[PDB]
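Breakdown of the fold
Each chain is listed here by its residues.
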Amino acid sequence: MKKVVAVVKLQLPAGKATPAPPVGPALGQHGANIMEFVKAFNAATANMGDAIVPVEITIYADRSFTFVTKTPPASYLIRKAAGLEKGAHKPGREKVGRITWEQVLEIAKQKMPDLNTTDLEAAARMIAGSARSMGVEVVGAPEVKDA
């Protein structure tokens, strides 16, 4: 028996949101907890840095708020998929932010069931690209030329 009851989707300031977001009251729809929401948020936006994040607080009947969001969109999962971990005491040698075709694809497929896109090449570039702009770079995608 699955049937989400409430889901708050909006954009909150990373490393700046406070227990008084543009929703607040419109958010307390699971148990009435604004801090826990921003508390954890700030935690993520506090460990990474400042920015904006499209929250997707999915409040399930069982007062369950499921939503993974921290750095800008694409980063939502391209980060861990790329390598944006922490400053690291030693230089990350490789270029910070590196994903692979297979990664951007699997990351796009679910992000392109058939909305505006359709084929993978399209979404694929949308992802491998989104990262490209995010300073990230495609590690896989073996430049296939004379093959």
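Residues numbered from 1 in each chain as written, not as in the entry; some residues may be left out. Heavy atoms only, no water.

As recorded in the entry header, the structure was determined using solution NMR.

Looking at the PDB entry, one finds the chain named 50S ribosomal protein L11, with Thermus thermophilus as its source organism. In its Function section, the UniProt entry covering the chain states "Forms part of the ribosomal stalk which helps the ribosome interact with GTP-bound translation factors." What the UniProt record of the chain gives under Sequence similarities is the line "Belongs to the universal ribosomal protein uL11 family." (UniProt positions renumbered as here; feature names shortened; annotations may be inferred.)

Some remarks on the layout of surface pockets
If you add up the space inside the largest pocket, you get close to 550 Å³. Around the largest pocket, the lining is made up of 23 residues, and of these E56, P73, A74, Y76 and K111 lie nearest the centre. Only β2 (51–60), α2 (75–82), α3 (101–109) and α4 (120–133) provide two or more residues apiece to the lining of the largest pocket. Tallying contributions element by element places β2 first for the lining of the largest pocket, with four residues. Of the residues that constitute the lining of the largest pocket, the class distribution is 13 nonpolar, six polar and four charged. Both domain 1 (1–70) and domain 2 (71–147) contribute no fewer than three residues apiece to the lining of the largest pocket. Of the volumes computed, that of the second largest pocket is approximately 290 Å³. Of the residues assigned to the lining of the second largest pocket, the class counts are four nonpolar, four polar and six charged. (1 Å grid on protein atoms, 1.4 Å probe; cavity = no way out; pocket = protein on both sides within 12 Å on 5 of 7 lines; lining within 4 Å. Points joined across faces, edges and corners; volume = space filled by probe spheres on them. Helix = DSSP H or I, 4+ residues; strand = E, 2+ residues; numbered from the N terminus. Nonpolar A, V, L, I, M, F, W, Y, C, P; charged D, E, K, R; others polar. Domains from an automatic or database assignment.)

Some thoughts on the domain arrangement of the chain
We note that the domain assignment places domain 1 (1–70) and domain 2 (71–147) within the chain. Facing eight residues of domain 1, the contacting portion of domain 2 comprises five residues. Both sides of the domain 1 and domain 2 interface together cover about 490 Å² of buried area, and 57% of this is carbon and sulfur. Applying the counting rule to domain 1 against domain 2 returns zero salt bridges. Seen at the junction of domain 1 and domain 2, the total is one residue pair in polar contact. Each residue belonging to the side of domain 1 that touches domain 2 can be placed in one class, and the counts come to five nonpolar, two polar and one charged. (Contact = heavy atoms within 4.5 Å. Buried area = accessible area lost by both parts, 1.4 Å probe. Salt bridge = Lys/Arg side-chain N within 4 Å of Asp/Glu carboxyl O. Polar contact = N/O pair within 3.5 Å; in protein donor to acceptor, adjacent residues only side chain to side chain.)

A short note on the packing of aromatic side chains
Evaluated as defined, the whole model comprises one aromatic pair. Between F37 and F41, the ring centres sit 6.4 Å apart and the planes meet at 55°, which makes this aromatic pair tilted. You can see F37 and its partner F41 sitting in helix α1 (residues 34–47), four residues apart, about one turn around the helix. Per residue, the accessibility class of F37 equals that of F41, and both read buried. (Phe/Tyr/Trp six-rings, centres within 6.5 Å; stacked < 30°, edge-to-face > 60°. Buried < 20%, exposed > 50% of the residue type's maximum accessible area, 1.4 Å probe, protein only.)

Side note on the side chain of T45
Relative to the helices and strands, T45 resides in helix α1. What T45 contacts, discounting residues up to four positions off in sequence, is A14, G15, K16 and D50.

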